[PDB]
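Listed next as structure tokens is one chain, alone, in the form deposited in one PDB entry.
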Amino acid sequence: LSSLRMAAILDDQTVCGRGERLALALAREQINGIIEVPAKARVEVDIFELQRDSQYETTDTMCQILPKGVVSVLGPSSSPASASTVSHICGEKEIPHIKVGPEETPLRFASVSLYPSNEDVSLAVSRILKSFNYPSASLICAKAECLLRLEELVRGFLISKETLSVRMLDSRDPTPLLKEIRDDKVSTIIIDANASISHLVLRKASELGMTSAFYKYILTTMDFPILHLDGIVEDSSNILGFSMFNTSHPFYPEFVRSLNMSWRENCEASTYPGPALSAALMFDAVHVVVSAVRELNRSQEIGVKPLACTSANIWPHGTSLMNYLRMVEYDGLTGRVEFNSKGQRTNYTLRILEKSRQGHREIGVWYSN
């Protein structure tokens, strides 16, 4: 390899952007700026955008990637159907797919994921419930698939003396849903939704007087740190959730400041909420791929050829690289990155946060081990 090339697929239709493209560039720059002994091949990241909601588009994008000679494909972060199409094609060609968003809910060739598994999210929520003395609860789901995502927790409630009252937004305003929860007179409300939908639910809850001291909320979104509930919350609250960020990572300041400058070219600096987790996962993903490829390269000569959608040819090194990906131990923006036999993150933590008027406080940690 004259260069170590990977592809990344972005799907970002937000007004301000999540900054994944810049995050990828920052990882590449950081890695290429460190001259190693022996010298290593330059890292390249080819970036492709998804602008429609179309698996035709996603398939065509993969067909454009295969001829470029890549050692991995990253993402997309926020498009589960597209990520499944990517995983399938990557599996057929034996190119590693590096996943950076939620487990697809509900494949032979292996992939890895930097995003916490569904089981881990369930266990983290259950840890907070243990802290509440294992109460009855209500669950608000953005999508019906929540019962699958949270199957571990659901199975626990199904055999426990406590109850779980489940309600789906699917489809406009959560107010009638929240009024039913209020009538049940149960304190603990679990919200399984992305950040914007979670904000909407909390806003409507606040308006109904449901952010009083009686009620306790647990959110599943890993973008909790960017959820700003100004005007809803005081300096202390009962609104809990998670973060993966290690703000002490040596690159974290440059990362935040750089993404702030990314944000403030389409929007105002004052509205930058902090770095998006998906951007940090993409940064970390580049390092994981580079680490694995350089370790594989000590024991075997790695080459790439054009692959194609119109050929049954596979990448001969993909099986090997999947095993070396599973050997990676990397300290990233998102904490310790290591993988288990299923390609899932292991030996890591989630910080448990409580929302406040200006941001949050950390009040505990969930350990995957």
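One rule holds for the numbers: they count along the sequence shown, beginning at 1. Rigid core here is just the name for the largest C-alpha set that superposes within 1.5 Å across the two forms.
One more form of this protein exists, namely the form deposited in another entry; it is left out here, but the text below deals with it.
With the core held fixed, residue 13 shows a CA shift of 2 Å or greater between the shown form and the other one. With the core held fixed between the shown form and the other one, residue 236 has its Cα displaced by at least 2 Å. With the core held fixed, residue 160 shows a CA shift of 2 Å or greater between the shown form and the other one. In the other entry, the Cα-Cα separation between residue 236 and residue 211 shrinks by 3 Å or more relative to the displayed conformation. In summary, the C-alpha positions of residue 15 and residue 239 diverge in the other entry, ending up at least 3 angstroms farther from each other than in this conformation.
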